[PDB]
file data_28.cif (mmCIF, C-alpha atoms)
data_input
#
loop_
_atom_site.group_PDB
_atom_site.id
_atom_site.type_symbol
_atom_site.label_atom_id
_atom_site.label_comp_id
_atom_site.auth_asym_id
_atom_site.auth_seq_id
_atom_site.Cartn_x
_atom_site.Cartn_y
_atom_site.Cartn_z
ATOM 1 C CA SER A 1 74.682 78.423 179.469
ATOM 2 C CA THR A 2 75.175 74.683 179.346
ATOM 3 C CA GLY A 3 77.711 72.089 180.425
ATOM 4 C CA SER A 4 78.508 68.559 179.251
ATOM 5 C CA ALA A 5 80.896 66.128 180.926
ATOM 6 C CA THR A 6 81.713 62.484 180.421
ATOM 7 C CA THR A 7 81.205 60.170 183.383
ATOM 8 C CA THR A 8 83.259 56.963 183.595
ATOM 9 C CA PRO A 9 82.790 53.768 185.647
ATOM 10 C CA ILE A 10 85.430 53.384 188.370
ATOM 11 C CA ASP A 11 85.812 49.644 187.802
ATOM 12 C CA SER A 12 84.656 46.703 185.724
ATOM 13 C CA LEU A 13 81.425 46.333 187.728
ATOM 14 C CA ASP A 14 80.178 49.936 187.396
ATOM 15 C CA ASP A 15 80.354 50.267 191.198
ATOM 16 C CA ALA A 16 80.257 54.047 190.757
ATOM 17 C CA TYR A 17 80.969 56.689 188.156
ATOM 18 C CA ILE A 18 83.442 59.580 188.226
ATOM 19 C CA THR A 19 83.212 62.884 186.398
ATOM 20 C CA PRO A 20 86.048 65.404 186.138
ATOM 21 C CA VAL A 21 85.413 68.724 187.893
ATOM 22 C CA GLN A 22 87.566 71.858 187.771
ATOM 23 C CA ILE A 23 87.947 73.641 191.120
ATOM 24 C CA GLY A 24 89.842 76.856 191.780
ATOM 25 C CA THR A 25 92.211 79.136 189.912
ATOM 26 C CA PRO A 26 94.293 77.801 188.277
ATOM 27 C CA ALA A 27 92.030 74.804 187.868
ATOM 28 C CA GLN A 28 92.532 71.755 190.042
ATOM 29 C CA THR A 29 90.764 68.824 188.371
ATOM 30 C CA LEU A 30 89.250 66.262 190.732
ATOM 31 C CA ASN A 31 87.198 63.212 189.771
ATOM 32 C CA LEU A 32 83.935 63.390 191.662
ATOM 33 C CA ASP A 33 81.034 61.003 192.192
ATOM 34 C CA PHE A 34 77.917 62.853 191.048
ATOM 35 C CA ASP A 35 75.227 61.881 193.540
ATOM 36 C CA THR A 36 71.549 62.721 192.985
ATOM 37 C CA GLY A 37 70.873 61.285 196.459
ATOM 38 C CA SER A 38 72.839 63.880 198.436
ATOM 39 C CA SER A 39 73.494 67.594 198.439
ATOM 40 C CA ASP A 40 77.081 68.269 199.514
ATOM 41 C CA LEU A 41 80.018 68.932 197.196
ATOM 42 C CA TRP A 42 82.973 67.675 199.238
ATOM 43 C CA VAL A 43 86.547 66.835 198.309
ATOM 44 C CA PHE A 44 89.670 65.201 199.551
ATOM 45 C CA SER A 45 91.970 68.092 200.360
ATOM 46 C CA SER A 46 95.249 69.316 201.807
ATOM 47 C CA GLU A 47 93.337 69.353 205.132
ATOM 48 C CA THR A 48 92.395 65.655 205.034
ATOM 49 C CA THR A 49 94.042 63.580 207.782
ATOM 50 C CA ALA A 50 97.131 62.210 206.010
ATOM 51 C CA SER A 51 96.561 58.579 207.049
ATOM 52 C CA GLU A 52 93.090 58.747 205.451
ATOM 53 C CA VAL A 53 94.385 59.713 202.002
ATOM 54 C CA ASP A 54 95.493 56.806 199.759
ATOM 55 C CA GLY A 55 95.924 57.770 196.112
ATOM 56 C CA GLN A 56 93.186 60.383 195.756
ATOM 57 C CA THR A 57 93.787 63.716 194.075
ATOM 58 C CA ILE A 58 93.395 66.501 196.634
ATOM 59 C CA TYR A 59 92.111 70.073 196.454
ATOM 60 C CA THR A 60 94.583 72.563 197.957
ATOM 61 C CA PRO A 61 92.725 75.814 198.607
ATOM 62 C CA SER A 62 95.921 77.719 199.444
ATOM 63 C CA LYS A 63 96.958 77.251 195.783
ATOM 64 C CA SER A 64 93.716 78.731 194.446
ATOM 65 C CA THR A 65 93.571 82.512 194.080
ATOM 66 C CA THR A 66 89.764 82.411 194.122
ATOM 67 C CA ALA A 67 89.373 80.226 197.248
ATOM 68 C CA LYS A 68 87.958 81.873 200.371
ATOM 69 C CA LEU A 69 87.389 80.242 203.756
ATOM 70 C CA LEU A 70 83.711 80.321 204.620
ATOM 71 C CA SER A 71 84.319 81.431 208.146
ATOM 72 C CA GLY A 72 82.820 79.293 210.891
ATOM 73 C CA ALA A 73 81.215 76.792 208.524
ATOM 74 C CA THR A 74 81.531 73.065 209.087
ATOM 75 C CA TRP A 75 79.936 69.998 207.546
ATOM 76 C CA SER A 76 79.399 66.365 208.442
ATOM 77 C CA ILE A 77 77.601 63.714 206.430
ATOM 78 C CA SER A 78 76.692 60.054 206.774
ATOM 79 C CA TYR A 79 75.548 58.020 203.781
ATOM 80 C CA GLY A 80 73.173 55.057 203.497
ATOM 81 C CA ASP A 81 76.061 52.622 203.159
ATOM 82 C CA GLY A 82 77.484 53.669 206.530
ATOM 83 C CA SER A 83 80.312 55.779 205.129
ATOM 84 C CA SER A 84 80.944 59.352 206.314
ATOM 85 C CA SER A 85 83.094 62.463 206.033
ATOM 86 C CA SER A 86 83.375 65.911 207.625
ATOM 87 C CA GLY A 87 85.362 69.123 207.562
ATOM 88 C CA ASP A 88 85.283 72.849 206.886
ATOM 89 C CA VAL A 89 84.203 74.924 203.883
ATOM 90 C CA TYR A 90 85.618 77.181 201.194
ATOM 91 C CA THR A 91 83.902 79.025 198.395
ATOM 92 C CA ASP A 92 85.623 78.781 195.010
ATOM 93 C CA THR A 93 85.006 78.607 191.275
ATOM 94 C CA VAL A 94 83.727 75.225 190.118
ATOM 95 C CA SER A 95 83.300 74.150 186.499
ATOM 96 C CA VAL A 96 81.706 71.017 185.076
ATOM 97 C CA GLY A 97 81.950 70.326 181.373
ATOM 98 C CA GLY A 98 82.365 74.017 180.533
ATOM 99 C CA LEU A 99 79.669 75.292 182.917
ATOM 100 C CA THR A 100 81.089 77.579 185.598
ATOM 101 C CA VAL A 101 79.713 78.551 189.007
ATOM 102 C CA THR A 102 81.481 81.208 191.055
ATOM 103 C CA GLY A 103 81.152 81.184 194.846
ATOM 104 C CA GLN A 104 80.325 77.471 195.036
ATOM 105 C CA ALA A 105 80.634 75.925 198.502
ATOM 106 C CA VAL A 106 83.470 73.400 198.302
ATOM 107 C CA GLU A 107 83.450 71.297 201.441
ATOM 108 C CA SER A 108 86.991 70.316 202.375
ATOM 109 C CA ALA A 109 87.324 66.985 204.174
ATOM 110 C CA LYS A 110 89.291 66.879 207.406
ATOM 111 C CA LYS A 111 88.141 63.302 208.029
ATOM 112 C CA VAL A 112 86.821 60.539 205.794
ATOM 113 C CA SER A 113 85.695 57.001 206.663
ATOM 114 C CA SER A 114 87.595 53.922 205.596
ATOM 115 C CA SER A 115 85.527 53.157 202.493
ATOM 116 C CA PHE A 116 86.450 56.535 201.019
ATOM 117 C CA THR A 117 90.145 56.113 201.840
ATOM 118 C CA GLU A 118 90.090 52.659 200.284
ATOM 119 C CA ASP A 119 88.668 53.920 196.997
ATOM 120 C CA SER A 120 91.550 55.673 195.271
ATOM 121 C CA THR A 121 89.435 56.558 192.225
ATOM 122 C CA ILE A 122 86.925 58.881 193.946
ATOM 123 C CA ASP A 123 88.253 62.316 194.962
ATOM 124 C CA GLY A 124 84.925 63.454 196.456
ATOM 125 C CA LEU A 125 81.205 63.785 195.808
ATOM 126 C CA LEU A 126 79.107 66.344 193.979
ATOM 127 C CA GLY A 127 75.590 66.299 195.351
ATOM 128 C CA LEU A 128 72.630 66.867 193.029
ATOM 129 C CA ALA A 129 69.664 66.264 195.353
ATOM 130 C CA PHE A 130 67.795 69.287 196.753
ATOM 131 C CA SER A 131 69.738 71.878 198.736
ATOM 132 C CA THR A 132 67.520 71.318 201.777
ATOM 133 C CA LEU A 133 69.683 68.218 202.487
ATOM 134 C CA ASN A 134 72.968 70.144 202.473
ATOM 135 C CA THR A 135 74.800 69.591 205.774
ATOM 136 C CA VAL A 136 76.781 72.845 206.087
ATOM 137 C CA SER A 137 76.278 74.548 209.428
ATOM 138 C CA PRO A 138 75.358 77.175 210.571
ATOM 139 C CA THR A 139 74.482 78.438 207.071
ATOM 140 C CA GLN A 140 73.211 75.759 204.694
ATOM 141 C CA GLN A 141 74.741 75.915 201.231
ATOM 142 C CA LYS A 142 73.383 75.386 197.713
ATOM 143 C CA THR A 143 74.279 72.571 195.315
ATOM 144 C CA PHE A 144 76.173 73.177 192.092
ATOM 145 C CA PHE A 145 72.918 72.709 190.134
ATOM 146 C CA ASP A 146 70.977 75.067 192.375
ATOM 147 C CA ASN A 147 73.663 77.739 191.912
ATOM 148 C CA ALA A 148 73.869 77.207 188.135
ATOM 149 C CA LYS A 149 70.138 76.952 187.507
ATOM 150 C CA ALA A 150 69.241 80.555 186.727
ATOM 151 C CA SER A 151 72.073 80.776 184.189
ATOM 152 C CA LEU A 152 71.157 77.563 182.378
ATOM 153 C CA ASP A 153 69.357 77.567 179.045
ATOM 154 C CA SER A 154 66.789 75.241 180.671
ATOM 155 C CA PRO A 155 66.682 74.403 184.396
ATOM 156 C CA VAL A 156 67.565 70.724 183.952
ATOM 157 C CA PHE A 157 70.363 68.232 184.086
ATOM 158 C CA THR A 158 70.442 64.778 182.555
ATOM 159 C CA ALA A 159 72.122 61.508 183.513
ATOM 160 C CA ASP A 160 73.066 59.070 180.776
ATOM 161 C CA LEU A 161 75.078 56.388 182.553
ATOM 162 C CA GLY A 162 76.754 53.641 180.568
ATOM 163 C CA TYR A 163 76.780 49.901 181.120
ATOM 164 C CA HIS A 164 80.459 48.958 181.365
ATOM 165 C CA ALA A 165 81.139 52.130 179.319
ATOM 166 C CA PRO A 166 81.378 55.905 179.716
ATOM 167 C CA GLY A 167 78.302 58.106 179.677
ATOM 168 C CA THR A 168 77.347 61.746 180.070
ATOM 169 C CA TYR A 169 76.024 64.351 182.484
ATOM 170 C CA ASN A 170 74.561 67.380 180.719
ATOM 171 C CA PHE A 171 73.450 70.626 182.342
ATOM 172 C CA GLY A 172 70.988 73.054 180.831
ATOM 173 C CA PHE A 173 69.801 71.112 177.773
ATOM 174 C CA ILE A 174 68.283 67.840 176.627
ATOM 175 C CA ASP A 175 70.322 66.040 173.961
ATOM 176 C CA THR A 176 67.571 64.707 171.699
ATOM 177 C CA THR A 177 70.102 62.393 169.990
ATOM 178 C CA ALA A 178 70.886 60.552 173.243
ATOM 179 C CA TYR A 179 67.663 58.542 173.588
ATOM 180 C CA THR A 180 65.124 56.635 171.539
ATOM 181 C CA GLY A 181 61.385 57.270 171.436
ATOM 182 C CA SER A 182 59.930 59.877 173.782
ATOM 183 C CA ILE A 183 60.713 61.007 177.321
ATOM 184 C CA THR A 184 57.993 60.176 179.836
ATOM 185 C CA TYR A 185 57.782 62.646 182.698
ATOM 186 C CA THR A 186 56.541 61.760 186.149
ATOM 187 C CA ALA A 187 55.814 63.701 189.350
ATOM 188 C CA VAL A 188 58.442 64.344 192.034
ATOM 189 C CA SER A 189 58.051 64.901 195.750
ATOM 190 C CA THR A 190 60.803 67.028 197.261
ATOM 191 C CA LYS A 191 59.498 66.515 200.813
ATOM 192 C CA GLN A 192 62.450 64.327 201.838
ATOM 193 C CA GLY A 193 64.992 66.321 199.806
ATOM 194 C CA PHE A 194 65.313 63.610 197.130
ATOM 195 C CA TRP A 195 64.246 63.120 193.527
ATOM 196 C CA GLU A 196 61.396 60.966 194.822
ATOM 197 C CA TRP A 197 58.874 59.506 192.405
ATOM 198 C CA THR A 198 56.437 56.616 192.035
ATOM 199 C CA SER A 199 56.994 53.822 189.565
ATOM 200 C CA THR A 200 53.827 52.271 188.162
ATOM 201 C CA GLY A 201 54.986 48.651 188.440
ATOM 202 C CA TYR A 202 57.325 45.962 187.186
ATOM 203 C CA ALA A 203 57.848 42.812 185.172
ATOM 204 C CA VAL A 204 60.381 39.997 185.433
ATOM 205 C CA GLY A 205 61.824 38.741 182.161
ATOM 206 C CA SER A 206 59.103 38.108 179.592
ATOM 207 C CA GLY A 207 56.500 37.928 182.359
ATOM 208 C CA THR A 208 53.341 39.982 182.615
ATOM 209 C CA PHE A 209 53.519 43.498 183.982
ATOM 210 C CA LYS A 210 52.331 43.963 187.563
ATOM 211 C CA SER A 211 50.680 47.327 188.128
ATOM 212 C CA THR A 212 51.664 48.527 191.569
ATOM 213 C CA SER A 213 52.894 51.843 192.939
ATOM 214 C CA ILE A 214 56.533 51.809 194.050
ATOM 215 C CA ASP A 215 57.730 55.025 195.689
ATOM 216 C CA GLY A 216 61.477 55.515 195.472
ATOM 217 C CA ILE A 217 64.357 57.851 194.713
ATOM 218 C CA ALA A 218 66.439 58.335 191.575
ATOM 219 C CA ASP A 219 69.927 58.043 193.061
ATOM 220 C CA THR A 220 73.021 58.072 190.872
ATOM 221 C CA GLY A 221 75.215 57.631 193.949
ATOM 222 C CA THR A 222 73.791 54.214 194.795
ATOM 223 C CA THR A 223 75.101 51.266 192.778
ATOM 224 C CA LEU A 224 72.182 48.835 192.969
ATOM 225 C CA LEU A 225 68.403 48.718 192.605
ATOM 226 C CA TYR A 226 66.710 48.398 196.021
ATOM 227 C CA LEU A 227 63.019 47.445 195.910
ATOM 228 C CA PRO A 228 60.374 45.930 198.208
ATOM 229 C CA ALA A 229 61.037 42.369 199.350
ATOM 230 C CA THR A 230 57.999 41.052 197.483
ATOM 231 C CA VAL A 231 59.300 42.420 194.159
ATOM 232 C CA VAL A 232 62.848 41.224 194.765
ATOM 233 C CA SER A 233 61.689 37.724 195.741
ATOM 234 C CA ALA A 234 59.640 37.517 192.536
ATOM 235 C CA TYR A 235 62.722 38.455 190.484
ATOM 236 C CA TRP A 236 65.165 36.002 192.077
ATOM 237 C CA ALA A 237 62.635 33.174 192.035
ATOM 238 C CA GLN A 238 63.220 33.128 188.253
ATOM 239 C CA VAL A 239 66.936 32.351 188.696
ATOM 240 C CA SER A 240 67.791 28.726 189.502
ATOM 241 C CA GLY A 241 69.838 28.489 192.663
ATOM 242 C CA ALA A 242 69.435 32.119 193.712
ATOM 243 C CA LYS A 243 68.975 32.766 197.403
ATOM 244 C CA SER A 244 69.189 35.484 200.005
ATOM 245 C CA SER A 245 72.337 35.076 202.071
ATOM 246 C CA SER A 246 72.511 36.807 205.452
ATOM 247 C CA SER A 247 76.245 36.071 205.592
ATOM 248 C CA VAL A 248 76.906 37.807 202.274
ATOM 249 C CA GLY A 249 74.301 40.533 202.848
ATOM 250 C CA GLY A 250 71.804 39.961 200.076
ATOM 251 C CA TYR A 251 70.713 37.866 197.145
ATOM 252 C CA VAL A 252 73.366 35.778 195.451
ATOM 253 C CA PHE A 253 73.095 33.540 192.426
ATOM 254 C CA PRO A 254 75.179 30.939 190.572
ATOM 255 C CA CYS A 255 77.682 32.672 188.338
ATOM 256 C CA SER A 256 76.672 30.158 185.625
ATOM 257 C CA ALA A 257 73.161 31.654 185.438
ATOM 258 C CA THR A 258 71.695 33.707 182.638
ATOM 259 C CA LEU A 259 69.759 36.488 184.377
ATOM 260 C CA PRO A 260 66.315 37.641 183.236
ATOM 261 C CA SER A 261 65.648 41.274 182.485
ATOM 262 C CA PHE A 262 63.702 43.507 184.871
ATOM 263 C CA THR A 263 61.217 46.108 183.643
ATOM 264 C CA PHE A 264 59.992 49.090 185.665
ATOM 265 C CA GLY A 265 57.118 51.410 184.857
ATOM 266 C CA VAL A 266 57.260 55.159 184.348
ATOM 267 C CA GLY A 267 53.649 56.164 183.877
ATOM 268 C CA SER A 268 52.442 54.134 180.895
ATOM 269 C CA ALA A 269 56.049 53.736 179.651
ATOM 270 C CA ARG A 270 58.465 50.907 180.437
ATOM 271 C CA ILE A 271 62.228 50.821 181.029
ATOM 272 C CA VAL A 272 63.900 47.444 180.520
ATOM 273 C CA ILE A 273 67.013 46.592 182.516
ATOM 274 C CA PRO A 274 68.862 43.784 180.672
ATOM 275 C CA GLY A 275 69.772 40.760 182.762
ATOM 276 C CA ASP A 276 73.490 41.406 182.371
ATOM 277 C CA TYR A 277 73.111 44.747 184.182
ATOM 278 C CA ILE A 278 72.007 42.808 187.281
ATOM 279 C CA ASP A 279 75.259 40.785 187.532
ATOM 280 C CA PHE A 280 77.742 42.175 190.087
ATOM 281 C CA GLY A 281 80.152 39.305 189.805
ATOM 282 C CA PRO A 282 81.750 36.921 192.275
ATOM 283 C CA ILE A 283 81.137 37.642 195.956
ATOM 284 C CA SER A 284 84.867 37.173 196.524
ATOM 285 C CA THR A 285 87.674 36.605 194.065
ATOM 286 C CA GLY A 286 87.350 33.177 192.423
ATOM 287 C CA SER A 287 83.924 32.355 193.864
ATOM 288 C CA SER A 288 81.194 30.819 191.722
ATOM 289 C CA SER A 289 78.588 32.667 193.810
ATOM 290 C CA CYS A 290 77.710 36.012 192.258
ATOM 291 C CA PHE A 291 76.151 39.092 193.855
ATOM 292 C CA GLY A 292 72.812 40.322 192.584
ATOM 293 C CA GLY A 293 72.102 43.830 191.344
ATOM 294 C CA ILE A 294 68.515 43.874 192.614
ATOM 295 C CA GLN A 295 68.280 43.767 196.397
ATOM 296 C CA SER A 296 65.639 44.282 199.079
ATOM 297 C CA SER A 297 65.035 47.758 200.468
ATOM 298 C CA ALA A 298 63.504 46.280 203.616
ATOM 299 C CA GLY A 299 65.113 48.066 206.534
ATOM 300 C CA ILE A 300 66.585 50.853 204.366
ATOM 301 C CA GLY A 301 63.286 52.638 204.780
ATOM 302 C CA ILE A 302 63.158 53.746 201.151
ATOM 303 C CA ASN A 303 63.268 52.199 197.673
ATOM 304 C CA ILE A 304 66.265 53.286 195.599
ATOM 305 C CA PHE A 305 66.474 53.421 191.839
ATOM 306 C CA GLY A 306 70.264 53.350 191.748
ATOM 307 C CA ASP A 307 72.673 52.950 188.876
ATOM 308 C CA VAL A 308 71.422 49.476 187.866
ATOM 309 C CA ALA A 309 68.077 51.076 186.969
ATOM 310 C CA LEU A 310 69.229 54.503 185.864
ATOM 311 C CA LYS A 311 71.864 53.248 183.419
ATOM 312 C CA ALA A 312 69.086 51.534 181.423
ATOM 313 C CA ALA A 313 67.587 54.981 180.723
ATOM 314 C CA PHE A 314 68.199 58.536 179.684
ATOM 315 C CA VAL A 315 67.084 60.426 182.799
ATOM 316 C CA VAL A 316 66.001 64.067 183.000
ATOM 317 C CA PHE A 317 66.196 65.819 186.346
ATOM 318 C CA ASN A 318 63.886 68.759 185.732
ATOM 319 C CA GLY A 319 64.481 71.508 188.282
ATOM 320 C CA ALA A 320 61.680 73.773 187.123
ATOM 321 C CA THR A 321 59.581 75.492 189.803
ATOM 322 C CA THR A 322 57.672 72.220 190.149
ATOM 323 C CA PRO A 323 60.363 69.573 189.659
ATOM 324 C CA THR A 324 59.721 66.420 187.645
ATOM 325 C CA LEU A 325 61.701 63.403 186.418
ATOM 326 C CA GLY A 326 61.814 62.141 182.857
ATOM 327 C CA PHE A 327 62.810 58.693 181.586
ATOM 328 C CA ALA A 328 63.495 57.528 178.049
ATOM 329 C CA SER A 329 64.830 54.286 176.633
ATOM 330 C CA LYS A 330 68.158 54.551 174.800
#

call {"tool": "encode", "arguments": {"input": "data_28.cif", "output": "structure tokens"}}
result
Amino acid sequence: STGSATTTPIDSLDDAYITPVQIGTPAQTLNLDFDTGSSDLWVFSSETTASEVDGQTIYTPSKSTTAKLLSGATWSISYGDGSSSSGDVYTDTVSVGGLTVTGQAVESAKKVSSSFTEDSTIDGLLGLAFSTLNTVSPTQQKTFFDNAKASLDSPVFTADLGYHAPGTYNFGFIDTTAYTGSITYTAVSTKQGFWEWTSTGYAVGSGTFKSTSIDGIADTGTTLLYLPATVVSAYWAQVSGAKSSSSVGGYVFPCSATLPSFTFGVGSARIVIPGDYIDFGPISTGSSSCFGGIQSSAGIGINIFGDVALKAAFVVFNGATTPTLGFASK
């Protein structure tokens, strides 16, 4: 089997991407944030504290003839950005782009933090990291991909995120028309539960490539590119007037600037992030100070190849017995 679904930016900055997901019988379609940095599939629901729902579409398990309470199971998650959610668990039928899993754990939110409430466009998350990170207790549950894997034509999914445009998540096949050149594959460590890999270096603009190992995670649920302070300083030093602002919470730059590209290495291959992808617009409405898309990972504890990086590539998440990651230009 295979599946193919379009993923769409939630706003004009590509702050996140939503993908429609069918849950239950008859189908209830919710728009979920596919997150390769976590492993829970959770949704706004009829159980979510009413004051914490503001415009989201909710899953109502009582209206699904295939929903079953997973007795005694609870979940609770906290994300890198400080947001969180928790609740109980149902199993139900879940379909993505024509690919159907029966008995998928659907984690129903009883509580969500303010950032989730305040984002009316995201109805929940669909985790695509390794199932060892799943938070369901006392019986850990499998991700949608993990459940689908044996049925897939090939044990892979691909992320093809757009810049200010829709893109695609495919399951079970590699669309050879979706990228240019060849796909370069690179080793993955699953030791921390992430799609963790090592970039071979970077360049700023038309500058020379610096060979240096940068360990980080491929994370579709993180907006920006978070890299070591040395790398980030070298990037922003090429932008007149750019500076790190503690008050704003990162590097900012004059909105009048033309940003240089940023290249990262994948083995001997190179992925080029155009300068425009690094612009996250005014820090506040009407400001001429703009927020940068490359930020320091210092004090996160890990480097994160988030959407800024991933949307410059066609990315293969290869869930074979020994997982690997592939990157192609597009």

call {"tool": "closest_residue", "arguments": {"input": "data_28.cif", "among": "A:128, A:294, A:32, A:136", "to": "residue A:157", "atoms": "all atoms listed in the file"}}
result
A:128

call {"tool": "closest_residue", "arguments": {"input": "data_28.cif", "among": "A:269, A:41, A:298, A:203", "to": "residue A:107", "atoms": "all atoms listed in the file"}}
result
A:41

call {"tool": "atom_distance", "arguments": {"input": "data_28.cif", "atom1": "atom CA of residue A:193", "atom2": "atom CA of residue A:129"}}
result
6.5 Å

call {"tool": "residues_around", "arguments": {"input": "data_28.cif", "residues": "residue A:1", "least_positions_apart": "5", "cutoff": "7 Å", "atoms": "all atoms listed in the file", "output": "list in words"}}
result
residues 99, 151, 152, 153 and 172 of chain A

call {"tool": "closest_residue", "arguments": {"input": "data_28.cif", "among": "A:328, A:96, A:159, A:133", "to": "residue A:306", "atoms": "only C-alpha atoms"}}
result
A:159

call {"tool": "closest_residue", "arguments": {"input": "data_28.cif", "among": "A:104, A:240, A:222, A:288", "to": "residue A:303", "atoms": "all atoms listed in the file"}}
result
A:222

call {"tool": "resolve_selection", "arguments": {"input": "data_28.cif", "expression": "the PyMOL selection byres ((chain A and resi 160) around 10)", "output": "VMD selection string"}}
result
chain A and resid 6 to 7 158 to 159 161 to 163 166 to 170 178 to 179 310 to 316 330

call {"tool": "atom_distance", "arguments": {"input": "data_28.cif", "atom1": "atom CA of residue A:11", "atom2": "atom CA of residue A:249"}}
result
21.0 Å

call {"tool": "resolve_selection", "arguments": {"input": "data_28.cif", "expression": "the PyMOL selection byres ((chain A and resi 292) around 8)", "output": "number ranges by chain"}}
result
A: 250-253, 278-281, 290-291, 293-295
